[PDB]
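Here's the structure, in structure tokens; my notes come after.
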Amino acid sequence: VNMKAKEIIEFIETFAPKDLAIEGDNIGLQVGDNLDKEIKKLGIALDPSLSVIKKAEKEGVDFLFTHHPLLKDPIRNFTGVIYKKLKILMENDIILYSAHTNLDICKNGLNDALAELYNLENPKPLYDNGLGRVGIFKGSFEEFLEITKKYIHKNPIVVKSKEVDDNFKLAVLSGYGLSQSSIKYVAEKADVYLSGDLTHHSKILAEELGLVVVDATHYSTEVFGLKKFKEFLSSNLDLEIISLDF
Amino acid sequence: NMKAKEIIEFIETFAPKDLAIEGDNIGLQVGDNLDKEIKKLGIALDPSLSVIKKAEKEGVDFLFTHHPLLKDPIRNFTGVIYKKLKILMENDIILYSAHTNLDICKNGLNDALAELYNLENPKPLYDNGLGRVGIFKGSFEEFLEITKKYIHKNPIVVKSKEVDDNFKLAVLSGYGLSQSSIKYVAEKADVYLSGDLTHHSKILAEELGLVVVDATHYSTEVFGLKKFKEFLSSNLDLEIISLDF
Amino acid sequence: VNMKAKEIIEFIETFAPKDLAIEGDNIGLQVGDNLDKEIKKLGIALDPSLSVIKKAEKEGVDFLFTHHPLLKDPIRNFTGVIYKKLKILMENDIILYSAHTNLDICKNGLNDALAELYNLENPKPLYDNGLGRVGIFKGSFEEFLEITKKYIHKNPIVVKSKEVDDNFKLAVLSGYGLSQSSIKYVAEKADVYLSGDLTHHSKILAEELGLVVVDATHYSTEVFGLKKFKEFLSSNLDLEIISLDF
Amino acid sequence: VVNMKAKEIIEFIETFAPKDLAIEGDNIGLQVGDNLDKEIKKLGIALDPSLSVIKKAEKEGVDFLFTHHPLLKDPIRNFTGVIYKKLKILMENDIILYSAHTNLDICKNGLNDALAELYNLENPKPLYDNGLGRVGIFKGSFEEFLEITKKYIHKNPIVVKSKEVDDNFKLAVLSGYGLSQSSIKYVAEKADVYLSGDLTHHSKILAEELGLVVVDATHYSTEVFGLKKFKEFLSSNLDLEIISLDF
Amino acid sequence: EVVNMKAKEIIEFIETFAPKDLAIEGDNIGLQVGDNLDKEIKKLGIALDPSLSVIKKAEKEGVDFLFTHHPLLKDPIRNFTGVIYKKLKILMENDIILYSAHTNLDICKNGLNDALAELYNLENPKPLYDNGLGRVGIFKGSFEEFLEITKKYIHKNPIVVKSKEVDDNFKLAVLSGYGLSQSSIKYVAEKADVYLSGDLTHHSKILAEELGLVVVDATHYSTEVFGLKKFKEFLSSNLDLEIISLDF
Amino acid sequence: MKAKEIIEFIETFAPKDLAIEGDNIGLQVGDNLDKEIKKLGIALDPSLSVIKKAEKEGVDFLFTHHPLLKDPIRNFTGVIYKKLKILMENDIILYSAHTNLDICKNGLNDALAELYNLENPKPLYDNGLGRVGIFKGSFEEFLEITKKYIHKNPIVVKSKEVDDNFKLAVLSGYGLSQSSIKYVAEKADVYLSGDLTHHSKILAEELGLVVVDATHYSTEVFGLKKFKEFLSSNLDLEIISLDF
Ligand SMILES: [Fe+3]
Ligand SMILES: [Fe+3]
Ligand SMILES: [Fe+3]
Ligand SMILES: [Fe+3]
Ligand SMILES: [Fe+3]
Ligand SMILES: [Fe+3]
């Protein structure tokens with residue numbers, strides 16, 4: 001009737017194998033010791049934030065799955081916010097486990113979810129490492145925008161660098177894909193780039209290159225696919241599953 | 001009648017180059033003969049392709065920008081950088097930048113923000129001299145109204161906690177909302193006004209209880225740049241126009 | 001009535017200022033959040049080992065002072081031994097604070113304690129960074145060994161590289177001072193080197209250089225001064241103070 | 001005689017000297033240019049994209065400037081002085097500047113092969129692992145080797161005569177700068193005589209210690225020999241006016 | 001029967017037994033000091049360390065080829081004074097060749113780690129590390145029997161960190177030389193119940209106790225000399241050459 | 001004289017702290033510095049032929065400008081074996097003063113500045129390497145001095161015309177790196193140094209810097225001869241030169 005933590009981890013890693021993760025990505029077990037324990041309640045979150053972790057404790061979550069890792073940069077002192085987070089997780093024996101870029105890259109992962117939403121014709125990986133998707137959007141720019149506003153984020157920032165003809169090349173990248181080097185790279189591959197976390201220098205670069213950029217936010221472009229992932233888990237596992245920051 | 005070198009001298013008197021932080025690519029970006037006579041000065045935030053085309057169109061012969069032309073060095077000349085350099089060289093337009101030295105100098109871009117908010121006892125925010133922090137003598141709502149009226153009509157507010165009157169306000173013009181900046185400024189201020197907020201930084205601010213106001217990179221720098229432009233206009237017998245503001 | 005964690009820390013840092021610590025040394029607060037909390041029982045240990053931390057919990061220690069830091073190398077995952085250690089400290093809100101090389105180097109610190117035991121004439125810092133002491137031992141090698149056996153370690157390992165005349169130059173370094181580069185450096189400054197943690201290649205180097213090495217162990221050469229430090233805290237603070245691994 | 005698009009010239013050149021033959025880090029390919037559909041009437045070839053070469057190109061109506069050496073080895077982020085003057089000339093005239101560097105040194109019938117064939121090296125092999133240089137037996141006397149050097153490459157090469165050289169010796173050749181201290185040490189294990197360019201003092205001393213005979217026929221002349229072969233090759237195959245600018 | 005050998009023939013024989021490509025990355029194996037390898041060799045000396053006393057003893061005993069396990073230098077130098085001056089002077093004055101097989105001798109079949117694995121009759125032995133250093137397998141006996149073997153054949157009073165109880169038929173890891181660094185302790189704690197090696201220091205002792213890994217320090221010197229004696233016997237059996245040991 | 005006293009005299013003239021970062025100056029090969037020295041040899045290079053000659057002529061202390069090794073080693077075979085064997089077997093001390101001798105007062109760069117009688121000489125680089133000042137004469141007069149005192153057939157890169165009373169930079173040894181050409185072109189009309197190579201020649205032409213390559217060997221040996229005379233005037237020692 002009940003699942004062990006290691007069995008949940010096994011199921012997740014079958015869906016999104018850890019070796020799909022890009023170099024250096026802190027995927028896998030973040031916080032935990034005994035993985036033979038039976039799990040009462042699974043929580044899903046975009047971020048292992050202090051609010052999310054307090055909510056997990058509040059809601060009786062003992063297996064906390066997040067997309068973003070707890071720490072990118074390693075530390076050797078435990079004070080302030082990280083102290084408050086670890087204290088809640090350790091005192092309550094809550095396991096924290098992450099699937100980050102392996103969940104972005106895998107089949108039916110976060111980037112596939114976007115490609116399917118826009119029904120990309122002949123989709124291909126955007127980067128060599130498997131991040132992102134690119135293909136033809138069979139419709140007008142205005143229809144593309146409507147889908148974006150309806151399903152992802154209502155007031156996306158649009159950098160309308162040039163006019164966009166019907167049946168354009170659409171690149172999608174869930175999360176933060178709007179770095180300067182990404183703008184330069186994707187400008188060679190697509191007419192329109194849908195992603196998150198636009199900043200000023202990247203906006204200027206897109207305008208110079210004629211790449212239309214749509215910032216539908218880091219949060220919404222990932223949560224769209226995370227919601228799919230949650231349904232997938234719910235359909236397949238005999239486990240109570242809740243979302244914490246979406 | 002003014003030579004390019006005396007415009008440069010005037011600017012460098014206001015914002016000495018050694019105020020720029022280590023590694024900042026400040027000073028002459030593109031140019032050769034600085035004895036050249038300058039009839040029309042253009043000021044811009046960005047040396048973008050459209051700014052450079054506009055410079056050429058308006059007959060600008062000295063183009064001042066806040067952001068340097070290149071941050072990372074290159075050794076091939078194709079695409080966008082080719083198009084930009086071709087316009088500058090073809091018209092012998094001098095391109096000169098004052099970047100963090102203009103952020104840091106007295107009455108520079110960060111001081112302009114500190115003065116707008118009338119910060120009491122203002123101090124540099126970082127050791128390298130970037131940013132300002134001091135007491136805002138008023139309510140958070142009064143601080144917001146000033147922001148909306150003079151800087152940006154609808155800033156993003158990450159309202160991480162309640163803010164009492166006479167709070168500590170830190171300001172940094174441009175991009176000051178990196179993850180390490182959020183962590184640092186959270187120890188020094190109740191409210192942080194800057195530009196270019198992204199997701200991980202928003203989350204950090206909420207965790208730390210630092211209220212962040214993103215009035216955009218563009219608007220927080222342009223506010224002080226306009227003041228810098230009027231200063232140049234008051235002191236130089238030169239036609240001076242702005243190109244991207 | 002009770003003193004706060006921050007005033008215990010202030011007292012310690014007055015004796016051994018953090019800026020005395022050598023470059024890269026992970027000194028100061030290791031684990032903790034609220035330093036305004038009141039402290040009823042201070043525990044002192046050489047090592048923040050798992051057994052020391054369990055003993056702290058068992059004995060009701062709320063402020064754990066150790067000489068060695070919890071971590072030298074930073075981490076970004078929390079499992080196994082470090083998980084168990086942090087869990088005990090955090091669930092019980094035990095503060096862990098360390099003074100490492102700043103306690104080695106400061107006046108009347110661990111190296112001064114050794115120099116004073118041997119009544120070194122005109123003692124000087126051994127290294128430029130302030131680690132270790134060197135001066136004249138006004139007596140015979142045999143008298144020096146008897147002092148070592150009575151006060152530090154009952155059976156020290158002696159690498160008797162050459163004969164030692166009376167009134168020789170003695171270098172002392174508490175803890176691990178017997179690295180290969182230290183042997184070479186100290187051989188130019190002393191006839192006899194008293195420290196801890198001898199290994200094979202260092203023994204050979206000492207023999208080649210004619211440097212007499214006395215390994216009284218890493219543990220005993222630090223514990224000697226740590227006891228002095230504990231007495232000093234006990235004399236000055238109105239606090240219950242116990243030792244955990246000595 | 002007809003006009004060619006710039007991209008068609010680049011294609012031909014890269015067929016002869018593929019870019020993936022260039023050693024790690026070498027800045028080969030398009031140096032300065034945007035539109036490669038540009039129509040080319042006159043191709044200029046040079047060893048160096050020097051200021052005098054580029055001025056000569058402008059003067060002579062060159063539309064496509066090929067050089068062996070890249071314009072920049074180390075990247076820059078300011079454009080003043082000499083580089084400003086060079087770019088201004090190239091951009092004002094939209095002259096394309098393209099380079100094939102070590103990929104031209106290494107390819108079949110490239111600059112090093114040209115030397116190896118000149119000396120009729122028996123069973124020639126690549127000298128370095130990366131494919132630079134050639135080494136094989138010279139079937140003749142040291143004096144005959146020197147005469148060949150004098151007749152075809154450079155009239156008065158500097159000879160570091162570290163030891164006597166017997167007939168049928170192992171000869172290593174490297175066009176351009178091949179006389180670094182580390183090259184001397186490496187080649188001394190592989191050859192009796194080393195023909196290259198740009199000898200300096202420490203390298204001379206090292207060669208004398210190791211007994212390696214070094215012949216400095218100069219960086220310029222050892223590359224220009226093969227570059228002339230390359231120019232002749234282009235002229236035979238392309239219906240283009242082709243001129244040389246610094247040789 | 002007893003004859004002279006050229007140095008290159010000795011080197012070829014040693015490298016057949018312990019190929020240089022077995023040595024781990026960065027290990028300074030091979031020719032340490034020497035020029036002409038056609039040199040005729042009458043007397044081969046074997047040592048753990050190319051120490052000053054070993055090199056003096058080599059000179060005194062007329063050793064023409066000095067084999068050592070540890071290389072003369074780990075870190076490169078560009079000045080020649082003090083002890084290294086004294087050492088090189090003795091070798092060069094007498095043209096004594098100094099040659100080393102270090103981790104290639106640790107790793108090769110019947111090398112120093114195999115010697116330990118065979119001594120403890122390890123069941124189904126495997127390399128302990130990826131690079132081939134060390135061996136690990138089941139010790140078919142009690143911990144006390146393991147300890148008895150250690151005391152009789154390796155070192156009489158080994159330091160024992162008895163982090164936990166050890167049942168019969170436990171997993172034993174062995175590493176000849178210095179194998180008791182902190183990172184080795186952490187690594188081996190996942191692969192064995194008991195770790196036999198040398199050069200224990202305080203931090204490593206604490207870590208072993210935390211992890212429950214039983215550590216036996218039978219010393220760097222003795223855990224290598226055990227296999228080096230085997231190696232010497234092997235050379236003596238195969239080469240018609242006078243062979244002596246210098247620091248064992 | 002003891003070796004340590006010779007070393008003391010040299011280091012008083014050319015303190016080791018004047019040497020640039022990373023320069024391997026001081027004792028190269030030696031143990032006992034109480035050794036009695038009857039005969040001192042001076043050389044530019046501690047080459048194998050110099051070291052053989054030192055042995056042949058009975059030299060006890062070998063002073064060289066260039067250090068024995070720039071890059072460290074951990075094996076001793078081939079040429080370095082042969083060199084060390086000669087020095088150690090004979091306990092010949094090898095000691096070097098390299099850039100500290102280039103930089104010190106009346107050192108190798110000052111020797112050149114004094115030969116050309118440079119007006120108001122200044123160090124060329126911040127680290128003290130090289131000298132620059134006005135040459136009070138014609139380019140042709142400068143060339144004549146160069147040919148008579150330094151090197152008979154210097155290579156001249158005549159990048160532009162040179163007027164009388166021009167700014168002259170001098171650097172003994174290897175001063176013609178690409179980065180040096182660019183730097184010096186801002187500070188001088190004419191650059192006198194050694195070891196010219198192709199790319200540096202092209203840069204000098206582009207920049208209009210006249211470069212005179214009087215060779216690495218001759219521009220250092222000129223000042224080394226002066227140093228040898230200075231040692232000879234002051235020390236009661238037999239002193240010979242080995243590669244000049
Ligand atoms: Fe993300
Ligand atoms: Fe900015
Ligand atoms: Fe310690
Ligand atoms: Fe070349
Ligand atoms: Fe060993
Ligand atoms: Fe030199």
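In each ligand, atom 1 is the first atom listed, and ligand 1 is the first ligand listed. Lettering of chains follows the sequences in order, A, B, ..., and the numbering in each one begins at 1. Computed from heavy atoms alone, side chains included, the values below leave out hydrogens, waters and symmetry copies.
Here the N, O or S atom of C:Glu222 that is nearest to the Fe ion (ligand 3) is OE2. Looking at D:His69, its N, O or S atom nearest to the Fe ion (ligand 4) turns out to be NE2. The Fe ion (ligand 4) sits nearest to atom NE2 when only the N, O or S atoms of D:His219 are considered.
Between the side chains of F:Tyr125 and F:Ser180, at least one donor N or O sits under 3.5 Å from an acceptor N or O. D:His201 and F:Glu220 are not linked by any side-chain donor-acceptor pair at a separation below 3.5 angstrom, with hydrogens and angles left out of the test. Side-chain contact check for A:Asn77 and C:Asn26: at least one donor-acceptor pair (N or O, by modelled atom type) lies under 3.5 Å.
Taking 2.8 Å as the threshold, D:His68 does not count as a candidate ligand of the Fe ion (ligand 4), since none of its N, O or S atoms lies below it. With 2.8 Å as the limit, D:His201 does not count as an N, O or S neighbour of the Fe ion (ligand 6). Within the coordination shell of the Fe ion (ligand 4), defined by N, O or S atoms under 2.8 Å, F:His199 is absent.
Partner D:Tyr194 forms a side-chain contact (heavy atoms from CB on, under 4.5 Å) with one of D:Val173, D:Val160, D:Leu174, D:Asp216 and no other, that one being D:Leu174.
Ring pair D:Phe16/D:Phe230: centre-to-centre distance below 6.0 Å.
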